[PDB]
Each structure stands twice: as structure tokens, then as C-alpha cells.
$ cat coords.pdb   # PDB, C-alpha atoms and all ligand atoms
MODEL        1
ATOM      1  CA  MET J   1       0.000   0.000   0.000  1.00  0.00           C
ATOM      2  CA  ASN J   2       1.261   3.493  -0.615  1.00  0.00           C
ATOM      3  CA  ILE J   3       0.076   7.094  -0.691  1.00  0.00           C
ATOM      4  CA  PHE J   4      -1.489   6.828  -4.112  1.00  0.00           C
ATOM      5  CA  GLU J   5      -3.468   3.727  -3.372  1.00  0.00           C
ATOM      6  CA  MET J   6      -4.402   5.188  -0.045  1.00  0.00           C
ATOM      7  CA  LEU J   7      -5.740   8.407  -1.454  1.00  0.00           C
ATOM      8  CA  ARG J   8      -7.434   6.546  -4.325  1.00  0.00           C
ATOM      9  CA  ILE J   9      -9.483   4.591  -1.769  1.00  0.00           C
ATOM     10  CA  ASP J  10     -10.299   7.790   0.220  1.00  0.00           C
ATOM     11  CA  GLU J  11     -11.248   9.918  -2.736  1.00  0.00           C
ATOM     12  CA  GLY J  12     -12.591   7.611  -5.410  1.00  0.00           C
ATOM     13  CA  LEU J  13     -12.352   8.348  -9.118  1.00  0.00           C
ATOM     14  CA  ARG J  14     -15.025  10.313 -11.089  1.00  0.00           C
ATOM     15  CA  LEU J  15     -14.553  11.292 -14.656  1.00  0.00           C
ATOM     16  CA  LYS J  16     -17.331  13.893 -14.651  1.00  0.00           C
ATOM     17  CA  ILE J  17     -17.575  17.123 -12.556  1.00  0.00           C
ATOM     18  CA  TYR J  18     -19.136  16.352  -9.184  1.00  0.00           C
ATOM     19  CA  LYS J  19     -19.562  18.045  -5.880  1.00  0.00           C
ATOM     20  CA  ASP J  20     -17.473  16.954  -2.978  1.00  0.00           C
ATOM     21  CA  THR J  21     -18.558  16.396   0.653  1.00  0.00           C
ATOM     22  CA  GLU J  22     -18.698  20.225   1.099  1.00  0.00           C
ATOM     23  CA  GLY J  23     -20.619  20.878  -2.104  1.00  0.00           C
ATOM     24  CA  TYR J  24     -17.572  22.012  -4.152  1.00  0.00           C
ATOM     25  CA  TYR J  25     -17.023  21.216  -7.731  1.00  0.00           C
ATOM     26  CA  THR J  26     -14.391  18.518  -8.078  1.00  0.00           C
ATOM     27  CA  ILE J  27     -13.341  15.922 -10.626  1.00  0.00           C
ATOM     28  CA  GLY J  28     -11.087  12.884 -10.920  1.00  0.00           C
ATOM     29  CA  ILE J  29      -9.372  11.758  -7.685  1.00  0.00           C
ATOM     30  CA  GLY J  30     -10.337  14.469  -5.323  1.00  0.00           C
ATOM     31  CA  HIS J  31      -9.177  17.314  -7.537  1.00  0.00           C
ATOM     32  CA  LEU J  32     -10.957  20.474  -6.295  1.00  0.00           C
ATOM     33  CA  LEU J  33     -11.741  22.803  -9.103  1.00  0.00           C
ATOM     34  CA  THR J  34     -13.400  25.707  -7.435  1.00  0.00           C
ATOM     35  CA  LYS J  35     -15.232  26.813  -4.280  1.00  0.00           C
ATOM     36  CA  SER J  36     -17.436  28.916  -6.528  1.00  0.00           C
ATOM     37  CA  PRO J  37     -21.073  27.968  -6.903  1.00  0.00           C
ATOM     38  CA  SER J  38     -20.971  28.300 -10.608  1.00  0.00           C
ATOM     39  CA  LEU J  39     -20.709  25.263 -12.875  1.00  0.00           C
ATOM     40  CA  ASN J  40     -19.233  27.314 -15.605  1.00  0.00           C
ATOM     41  CA  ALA J  41     -16.564  28.586 -13.407  1.00  0.00           C
ATOM     42  CA  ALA J  42     -15.781  24.949 -12.667  1.00  0.00           C
ATOM     43  CA  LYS J  43     -15.775  24.037 -16.301  1.00  0.00           C
ATOM     44  CA  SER J  44     -13.500  26.879 -17.039  1.00  0.00           C
ATOM     45  CA  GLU J  45     -11.155  25.895 -14.294  1.00  0.00           C
ATOM     46  CA  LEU J  46     -11.261  22.345 -15.620  1.00  0.00           C
ATOM     47  CA  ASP J  47     -10.317  23.298 -19.161  1.00  0.00           C
ATOM     48  CA  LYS J  48      -7.547  25.437 -17.954  1.00  0.00           C
ATOM     49  CA  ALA J  49      -6.161  22.543 -15.806  1.00  0.00           C
ATOM     50  CA  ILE J  50      -6.378  19.978 -18.629  1.00  0.00           C
ATOM     51  CA  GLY J  51      -5.455  22.171 -21.475  1.00  0.00           C
ATOM     52  CA  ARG J  52      -8.404  21.298 -23.691  1.00  0.00           C
ATOM     53  CA  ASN J  53     -12.107  21.969 -24.098  1.00  0.00           C
ATOM     54  CA  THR J  54     -13.355  19.214 -21.935  1.00  0.00           C
ATOM     55  CA  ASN J  55     -16.932  20.032 -21.653  1.00  0.00           C
ATOM     56  CA  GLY J  56     -16.856  18.705 -17.989  1.00  0.00           C
ATOM     57  CA  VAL J  57     -15.560  15.182 -18.763  1.00  0.00           C
ATOM     58  CA  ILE J  58     -12.033  13.854 -18.639  1.00  0.00           C
ATOM     59  CA  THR J  59     -10.389  10.542 -19.308  1.00  0.00           C
ATOM     60  CA  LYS J  60      -8.707   8.173 -16.736  1.00  0.00           C
ATOM     61  CA  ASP J  61      -5.269   9.196 -17.860  1.00  0.00           C
ATOM     62  CA  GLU J  62      -6.182  12.863 -17.427  1.00  0.00           C
ATOM     63  CA  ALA J  63      -7.553  12.165 -13.902  1.00  0.00           C
ATOM     64  CA  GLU J  64      -4.342  10.326 -13.057  1.00  0.00           C
ATOM     65  CA  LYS J  65      -2.239  13.189 -14.295  1.00  0.00           C
ATOM     66  CA  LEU J  66      -3.976  15.721 -12.036  1.00  0.00           C
ATOM     67  CA  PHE J  67      -3.627  13.220  -9.173  1.00  0.00           C
ATOM     68  CA  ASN J  68       0.177  12.912  -9.606  1.00  0.00           C
ATOM     69  CA  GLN J  69       0.418  16.673  -9.651  1.00  0.00           C
ATOM     70  CA  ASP J  70      -1.699  17.067  -6.543  1.00  0.00           C
ATOM     71  CA  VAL J  71       0.238  14.456  -4.572  1.00  0.00           C
ATOM     72  CA  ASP J  72       3.532  15.995  -5.625  1.00  0.00           C
ATOM     73  CA  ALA J  73       2.195  19.434  -4.587  1.00  0.00           C
ATOM     74  CA  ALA J  74       1.056  18.217  -1.153  1.00  0.00           C
ATOM     75  CA  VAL J  75       4.494  16.769  -0.396  1.00  0.00           C
ATOM     76  CA  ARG J  76       6.279  19.860  -1.552  1.00  0.00           C
ATOM     77  CA  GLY J  77       3.781  21.948   0.446  1.00  0.00           C
ATOM     78  CA  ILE J  78       4.611  19.974   3.658  1.00  0.00           C
ATOM     79  CA  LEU J  79       8.357  20.320   2.994  1.00  0.00           C
ATOM     80  CA  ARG J  80       8.020  24.030   2.520  1.00  0.00           C
ATOM     81  CA  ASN J  81       5.966  24.495   5.673  1.00  0.00           C
ATOM     82  CA  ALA J  82       7.997  25.486   8.752  1.00  0.00           C
ATOM     83  CA  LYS J  83       5.289  23.872  10.852  1.00  0.00           C
ATOM     84  CA  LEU J  84       4.768  20.680   8.996  1.00  0.00           C
ATOM     85  CA  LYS J  85       8.201  19.732   7.848  1.00  0.00           C
ATOM     86  CA  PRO J  86       9.805  18.898  11.187  1.00  0.00           C
ATOM     87  CA  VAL J  87       6.782  16.747  11.981  1.00  0.00           C
ATOM     88  CA  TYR J  88       7.034  15.114   8.655  1.00  0.00           C
ATOM     89  CA  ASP J  89      10.775  14.536   9.141  1.00  0.00           C
ATOM     90  CA  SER J  90      10.222  12.891  12.477  1.00  0.00           C
ATOM     91  CA  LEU J  91       7.717  10.303  11.262  1.00  0.00           C
ATOM     92  CA  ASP J  92       8.135   6.764   9.838  1.00  0.00           C
ATOM     93  CA  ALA J  93       7.044   5.967   6.238  1.00  0.00           C
ATOM     94  CA  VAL J  94       3.494   4.916   7.003  1.00  0.00           C
ATOM     95  CA  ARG J  95       2.704   7.843   9.207  1.00  0.00           C
ATOM     96  CA  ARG J  96       4.165  10.207   6.667  1.00  0.00           C
ATOM     97  CA  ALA J  97       1.540   9.008   4.260  1.00  0.00           C
ATOM     98  CA  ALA J  98      -1.230   9.817   6.829  1.00  0.00           C
ATOM     99  CA  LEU J  99       0.069  13.369   7.032  1.00  0.00           C
ATOM    100  CA  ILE J 100       0.174  13.666   3.279  1.00  0.00           C
ATOM    101  CA  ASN J 101      -3.508  12.403   3.132  1.00  0.00           C
ATOM    102  CA  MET J 102      -4.580  15.159   5.525  1.00  0.00           C
ATOM    103  CA  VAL J 103      -2.808  17.919   3.556  1.00  0.00           C
ATOM    104  CA  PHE J 104      -4.251  16.616   0.332  1.00  0.00           C
ATOM    105  CA  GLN J 105      -7.765  16.878   1.790  1.00  0.00           C
ATOM    106  CA  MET J 106      -7.586  20.073   3.739  1.00  0.00           C
ATOM    107  CA  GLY J 107      -4.559  21.954   2.554  1.00  0.00           C
ATOM    108  CA  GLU J 108      -1.382  22.815   4.250  1.00  0.00           C
ATOM    109  CA  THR J 109      -2.806  25.735   6.158  1.00  0.00           C
ATOM    110  CA  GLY J 110      -5.596  23.662   7.385  1.00  0.00           C
ATOM    111  CA  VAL J 111      -3.349  20.986   8.750  1.00  0.00           C
ATOM    112  CA  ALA J 112      -0.779  23.407  10.080  1.00  0.00           C
ATOM    113  CA  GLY J 113      -3.667  24.514  12.279  1.00  0.00           C
ATOM    114  CA  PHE J 114      -3.738  21.215  14.325  1.00  0.00           C
ATOM    115  CA  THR J 115      -1.074  22.593  16.597  1.00  0.00           C
ATOM    116  CA  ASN J 116      -1.684  20.390  19.495  1.00  0.00           C
ATOM    117  CA  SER J 117      -1.956  17.201  17.494  1.00  0.00           C
ATOM    118  CA  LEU J 118       1.198  18.017  15.548  1.00  0.00           C
ATOM    119  CA  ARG J 119       3.140  18.411  18.721  1.00  0.00           C
ATOM    120  CA  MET J 120       1.804  15.126  19.953  1.00  0.00           C
ATOM    121  CA  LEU J 121       2.727  13.378  16.769  1.00  0.00           C
ATOM    122  CA  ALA J 122       6.142  14.889  16.922  1.00  0.00           C
ATOM    123  CA  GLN J 123       6.487  13.487  20.376  1.00  0.00           C
ATOM    124  CA  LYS J 124       5.378   9.945  19.305  1.00  0.00           C
ATOM    125  CA  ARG J 125       2.465   9.978  21.826  1.00  0.00           C
ATOM    126  CA  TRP J 126       0.201   8.073  19.437  1.00  0.00           C
ATOM    127  CA  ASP J 127      -2.879   7.447  21.435  1.00  0.00           C
ATOM    128  CA  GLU J 128      -3.009  10.913  22.677  1.00  0.00           C
ATOM    129  CA  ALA J 129      -2.669  12.387  19.267  1.00  0.00           C
ATOM    130  CA  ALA J 130      -5.413  10.134  18.026  1.00  0.00           C
ATOM    131  CA  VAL J 131      -7.646  11.379  20.636  1.00  0.00           C
ATOM    132  CA  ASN J 132      -6.861  14.958  19.935  1.00  0.00           C
ATOM    133  CA  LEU J 133      -7.235  14.543  16.216  1.00  0.00           C
ATOM    134  CA  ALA J 134     -10.797  13.349  16.774  1.00  0.00           C
ATOM    135  CA  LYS J 135     -11.978  16.571  18.323  1.00  0.00           C
ATOM    136  CA  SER J 136     -12.225  18.381  15.105  1.00  0.00           C
ATOM    137  CA  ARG J 137     -14.680  19.436  12.536  1.00  0.00           C
ATOM    138  CA  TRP J 138     -12.712  17.193  10.165  1.00  0.00           C
ATOM    139  CA  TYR J 139     -13.539  14.132  12.179  1.00  0.00           C
ATOM    140  CA  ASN J 140     -17.134  15.086  12.694  1.00  0.00           C
ATOM    141  CA  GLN J 141     -17.828  15.796   9.009  1.00  0.00           C
ATOM    142  CA  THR J 142     -15.989  12.848   7.413  1.00  0.00           C
ATOM    143  CA  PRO J 143     -15.656  10.375  10.236  1.00  0.00           C
ATOM    144  CA  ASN J 144     -15.023   7.176   8.249  1.00  0.00           C
ATOM    145  CA  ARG J 145     -12.152   8.733   6.418  1.00  0.00           C
ATOM    146  CA  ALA J 146     -10.906  10.547   9.505  1.00  0.00           C
ATOM    147  CA  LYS J 147     -10.988   7.265  11.442  1.00  0.00           C
ATOM    148  CA  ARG J 148      -8.846   5.486   8.781  1.00  0.00           C
ATOM    149  CA  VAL J 149      -6.267   8.285   8.877  1.00  0.00           C
ATOM    150  CA  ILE J 150      -6.322   8.400  12.703  1.00  0.00           C
ATOM    151  CA  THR J 151      -5.804   4.586  12.974  1.00  0.00           C
ATOM    152  CA  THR J 152      -2.873   4.910  10.631  1.00  0.00           C
ATOM    153  CA  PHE J 153      -1.241   7.535  12.899  1.00  0.00           C
ATOM    154  CA  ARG J 154      -2.059   5.513  16.014  1.00  0.00           C
ATOM    155  CA  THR J 155      -0.704   2.279  14.736  1.00  0.00           C
ATOM    156  CA  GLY J 156       1.851   2.958  12.072  1.00  0.00           C
ATOM    157  CA  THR J 157       0.361   0.236   9.845  1.00  0.00           C
ATOM    158  CA  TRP J 158      -2.042   0.188   6.938  1.00  0.00           C
ATOM    159  CA  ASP J 159      -4.555  -1.960   8.658  1.00  0.00           C
ATOM    160  CA  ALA J 160      -7.407   0.534   8.294  1.00  0.00           C
ATOM    161  CA  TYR J 161      -6.993   0.264   4.585  1.00  0.00           C
ATOM    162  CA  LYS J 162      -6.842  -3.574   4.251  1.00  0.00           C
TER
HETATM  163 CL    CL J 201      -4.175  22.411 -11.746  1.00  0.00          CL
HETATM  164 CL    CL J 202     -16.146   9.770   5.667  1.00  0.00          CL
ENDMDL
END
$ encode --input "coords.pdb" --output "C-alpha cells"
Amino acid sequence: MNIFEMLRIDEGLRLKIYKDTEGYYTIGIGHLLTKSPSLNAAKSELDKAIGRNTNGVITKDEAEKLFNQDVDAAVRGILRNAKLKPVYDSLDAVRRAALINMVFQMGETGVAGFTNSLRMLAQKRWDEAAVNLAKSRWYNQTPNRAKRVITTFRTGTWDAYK
């Protein structure tokens, strides 16, 4: 199991514009297009991202290309973040993937905001961090996903995904 397979389970794959859990226009493997309520704005953002007149539909290959870009961007975003990087550097391979999953979903800023949990993770106090992670809007809104990510941090294995 690896980050890609992990996020592919968490996000799914849709080849036509759809709205995410928050009602935002998305496509592919969790690729957010816009927070704007307008479908045209989404379609415009889509064409600009793909480089062709898509008319709101993309192919598998195209979805996979945005996904590679988005995963690469999340990692580079963590490594650029003065708050995230040291956490990231202190973790093992599996837990690093859990942190990348969070950033992919809620952005760097978003995650950098879990101050207390981050400190706990940095300190390798797994159970405590898991508990702290759970008191969040994130957990309350998307609990099944949150729970898989939390178990991954708590245990250091991919069991939640097998
Ligand atoms: Cl893009
Ligand atoms: Cl969920």
C-alpha cells in the first residue's frame, strides 16, 4: 500500500464534474476545481487545468495526471511548511503518508492549524494524538475517512486500509 493507493481509496475516481462532501465542484481523484457555486466557473477551471475543451468530462489518464500533480504538490507543500516539515521529518514511512492524506484533503494551512496534534505526533504519543485529532470538525464531518487516517497515525500500519 502506498500514498497513491491510499488516497485513491479515500477519494474515489469520477470522470465527470461532481460536488465533494462540502458541495464544491471537483473531478477525478479528489481534484478540487473551485469553491465557486458556478458550474461554468468549474468548467473553465477544468479546461484550464487539462489544457483542452473538456466540456466537464475527462479521461482516466487525465484524472491520473492531475492526481500525480496534486500528490507531488502536497508533499512539496509539507516540505516548505515550517510547521509541517519537522513533523514530517520525524515520522516513519506509514505515518508520513497519513500526514500527506490530511494535507491533500484540507490543505497545508488547514493541517498546520492542528497545533496540538502536531506536537503530539512529533512526540510519538500516538494514542493521545489520536484522541486529539478526533476533536475536530474534520472528524465530525468525514468520520469514516478521519478514522482510517487516525488509525494509521495511532498504529503505524495500513490496517485501516486492508
Ligand atoms: Cl491544476
Ligand atoms: Cl467519511
$ residues_around --input "coords.pdb" --residues "range 28-36 of chain J" --least-positions-apart "3" --cutoff "6 Å" --atoms "all atoms listed in the file" --output "MDAnalysis selection string"
chainID J and resid 11:15 24:25 42 63
$ residues_around --input "coords.pdb" --residues "residue 148 in chain J" --least-positions-apart "4" --cutoff "12 Å" --atoms "all atoms listed in the file" --output "list in words"
residues 6, 7, 9, 10, 95, 97, 98, 101, 102, 130, 133, 134, 139, 142, 143, 144, 152, 153, 154, 155, 156, 157, 158, 159, 160, 161 and 162 of chain J
$ axis_aligned_box --input "coords.pdb" --around "range 8-17 of chain J" --padding-each-side "4 Å" --output "lines of an AutoDock Vina configuration file"
center_x = -12.5
center_y = 10.9
center_z = -7.2
size_x = 18.1
size_y = 20.5
size_z = 22.9
$ closest_residue --input "coords.pdb" --among "J:66, J:111, J:121, J:149" --to "ligand CL 202 (chain J)" --atoms "all atoms listed in the file"
J:149
$ closest_residue --input "coords.pdb" --among "J:57, J:18, J:151, J:138" --to "ligand CL 202 (chain J)" --atoms "only C-alpha atoms and all ligand atoms"
J:138
$ residues_near_ligand --input "coords.pdb" --ligand "ligand CL 201 (chain J)" --cutoff "10 Å" --atoms "only C-alpha atoms and all ligand atoms" --output "short mmCIF file (atom, residue, chain, number, x, y, z; two decimals) with C-alpha atoms, in the frame of the given file"
data_model
loop_
_atom_site.label_atom_id
_atom_site.label_comp_id
_atom_site.auth_asym_id
_atom_site.auth_seq_id
_atom_site.Cartn_x
_atom_site.Cartn_y
_atom_site.Cartn_z
CA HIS J 31 -9.18 17.31 -7.54
CA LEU J 32 -10.96 20.47 -6.30
CA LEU J 33 -11.74 22.80 -9.10
CA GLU J 45 -11.16 25.90 -14.29
CA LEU J 46 -11.26 22.34 -15.62
CA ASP J 47 -10.32 23.30 -19.16
CA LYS J 48 -7.55 25.44 -17.95
CA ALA J 49 -6.16 22.54 -15.81
CA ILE J 50 -6.38 19.98 -18.63
CA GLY J 51 -5.46 22.17 -21.48
CA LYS J 65 -2.24 13.19 -14.30
CA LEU J 66 -3.98 15.72 -12.04
CA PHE J 67 -3.63 13.22 -9.17
CA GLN J 69 0.42 16.67 -9.65
CA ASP J 70 -1.70 17.07 -6.54
#
$ residues_near_point --input "coords.pdb" --point "(-7.1, 15.4, 22.1)" --cutoff "12 Å" --atoms "all atoms listed in the file" --output "number ranges by chain"
J: 114-121, 125-136, 139, 150
$ closest_residue --input "coords.pdb" --among "J:21, J:26, J:1, J:112" --to "ligand CL 202 (chain J)" --atoms "all atoms listed in the file"
J:21
$ closest_residue --input "coords.pdb" --among "J:81, J:146, J:74, J:44" --to "residue 100 in chain J" --atoms "all atoms listed in the file"
J:74
$ closest_residue --input "coords.pdb" --among "J:19, J:147, J:52, J:85" --to "ligand CL 202 (chain J)" --atoms "only C-alpha atoms and all ligand atoms"
J:147
$ closest_residue --input "coords.pdb" --among "J:93, J:87, J:106, J:78" --to "residue 123 in chain J" --atoms "all atoms listed in the file"
J:87
$ atom_distance --input "coords.pdb" --atom1 "CA of residue 90 in chain J" --atom2 "CA of residue 124 in chain J"
8.9 Å
$ atom_distance --input "coords.pdb" --atom1 "CA of residue 122 in chain J" --atom2 "CA of residue 107 in chain J"
19.3 Å
$ atom_distance --input "coords.pdb" --atom1 "CA of residue 110 in chain J" --atom2 "CA of residue 71 in chain J"
16.2 Å
